[PDB]
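The structure appears below as structure tokens.
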Amino acid sequence: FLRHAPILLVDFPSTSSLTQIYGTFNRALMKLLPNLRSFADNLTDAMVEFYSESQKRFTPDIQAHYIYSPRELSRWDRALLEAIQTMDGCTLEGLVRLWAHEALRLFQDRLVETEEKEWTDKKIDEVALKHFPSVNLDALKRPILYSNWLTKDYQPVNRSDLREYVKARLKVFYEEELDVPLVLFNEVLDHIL
Amino acid sequence: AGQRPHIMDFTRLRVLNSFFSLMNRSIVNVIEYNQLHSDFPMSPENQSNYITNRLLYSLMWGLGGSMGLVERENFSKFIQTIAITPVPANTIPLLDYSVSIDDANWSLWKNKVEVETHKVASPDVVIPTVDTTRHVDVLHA
């Protein structure tokens, strides 16, 4: 079969190509935030550096689903966009905390051993603080959550204000469906979102 | 090219076809290149440069297309040293270069960009780069 089929190997966009490829998507994405339009390139680096750093830390060896690629960056950007487009003006602080979120749900939600997930978190900040010095560190403070079942648009929510809510909205799920008294605890919340 | 390791078992005909398919595209390129410049057709002297160079081009992509990213580079340099005809210095892989259908010269690919706010990292929008515009030429043939 191959005799008639010419092959063409395709690896991952060289670290340089990614900063120019995905780097652009951002420089155009930061127009929805003129005030932060001076961090476009910054957002990029932190995005590509984190991705790269992780792709290596988590190889297909330690586990199968530990596969990465630029596709993660797009899901990351589209995520940054979709979120921004619904905010009456963002801030350097908001960007970082919103940046870390998408990074988590992309490179952490797949991890298994707490040791790995723990690593992912300390690295996410190491890179964030390394590219965003003017940040208000507390902007990366855990736990990082984002819900819209409370705030008008896509805004951060604290465990309490959220669980105290889901718990109530849950009271309906009881008589309207299966009466399974669920104990809204840490993990549970991270999942429902 | 055979001694080199590929991602899929090296088979004489496979690479030659990939090569022939590419070497033929180089030819067709001149075939149509004249169906346009009827008043300014190709030229015996200049055409000689294109074909002679394009051949070397096809060799690396046709016989080295299935080669690794790093592996492919070394291969292109091997084709340079040998190539008796004009070829750049080994300081830059021949893989990074192409060939102008016009002045038929080893013009680095690097010489060949705006996205719209609402359509950022989206399916279609394919930010053009070296690799991008480079693989295209090969996929065309």
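Chains as they are written, first to last, in the deposited numbering: chain A, 2807 to 2999; chain B, 2519 to 2630, 2634 to 2662. Beta carbons are placed, not taken as given, at the ideal position from N, Cα and C, and that holds for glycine.
Ranked by Cα distance from residue 2897(A), the options 2837(A), 2978(A), 2809(A), 2995(A) are led by 2837(A). For residue 2817(A), the C-beta contacts it makes with chain B under 7 angstroms involve 2587, in order along the chain.
Sequence-ordered contacts of the region 2831 to 2850 of chain A with chain B read 2831, 2834, 2835, 2837, 2838 [C-beta pairs closer than 7 angstroms]. About 15 angstroms separates the Cβ atoms of residue 2624(B) and residue 2651(B), ruling out a contact at the 8 angstroms cut-off. For residue 2572(B), the number of other beta carbons within 10 angstroms of its own is at least 16, and it is reported as buried.
Secondary structure of residue 2960(A) (DSSP, three-state): coil.
Here residue 2611(B) is near residue 2591(B), since their CB atoms are less than 8 angstroms apart. Boundaries of the alpha helix (DSSP H) harbouring residue 2997(A): 2992 to 2998, taken from the DSSP string.
With the rule of 3 Cβ pairs closer than 8 angstroms, the region 2976 to 2984 of chain A does not count as touching the region 2937 to 2945 of chain A.
In the assembly as shown, residue 2868(A) is an exposed residue. Its beta-carbon has fewer than 16 other beta-carbons within 10 Å. By the criterion of at least three beta-carbon pairs nearer than 8 angstroms, the region 2888 to 2897 of chain A is in contact with the region 2959 to 2970 of chain A. Residues of chain B with a Cβ closer than 7 angstroms to the Cβ of residue 2883(A) are, in chain order, 2641, 2642. Interface annotation for the region 2886 to 2911 of chain A against chain B: 2887, criterion Cβ-Cβ distance under 7 angstroms. The shortest CA-to-CA distance from residue 2570(B) to any of 2557(B), 2593(B), 2544(B), 2595(B) is the one to 2544(B). For residue 2952(A), the three-state secondary structure derived from DSSP is strand. For residue 2873(A), the closest Cβ of chain B is not nearer than 8 angstroms. Listed along chain A, the residues sitting closer than 9 angstroms to residue 2636(B) by beta-carbon distance are 2830, 2831, 2833, 2834, 2835.
Counting of Cβ neighbours within 10 angstroms places residue 2955(A) among the exposed residues, the total staying below 16. For a Cβ distance threshold of 8 angstroms, residue set 2524, 2525, 2526, 2532, 2536, 2583, 2584 of chain B lies close to residue 2813(A), ordered along the chain.
For residue 2900(A), the enclosing alpha helix (DSSP H) covers residues 2898 to 2913. Collapsing the DSSP output to three states places residue 2808(A) in a helix. Chain B places no beta carbon closer than 8 angstroms to that of residue 2953(A), leaving this residue out of the contacts. With a cutoff of 8 angstroms on beta-carbon distance, residue 2580(B) and residue 2539(B) are scored as near each other. Under the 10 Å beta carbon count, residue 2832(A) is surrounded by 16 or more other beta carbons and is classified as buried. Comparing C-alpha distances from residue 2656(B) to each of 2818(A), 2989(A), 2814(A) shows the shortest one belongs to 2814(A).
Less than 8 angstroms divides the Cβ of residue 2810(A) from the Cβ of residue 2535(B).
Beta-bridge annotation (DSSP): residue 2615(B) is paired with 2626(B). The Cβ neighbour count for residue 2908(A), taken over all protein chains shown within 10 Å, is at least 16; the residue is labelled buried. At a cut-off of 8 angstroms between beta-carbon atoms, residue 2580(B) makes contact with chain A. In the structure shown, residue 2524(B) adopts extended strand secondary structure according to DSSP, grouped into three states.
One Cα belongs to residue 2853(A), the other to residue 2918(A), and the distance between them is close to 22 angstroms. Neighbours of residue 2661(B) in chain A, taken as residues whose beta carbon is under 8 angstroms from its own, are absent, since the nearest beta carbon is some 12 angstroms off.
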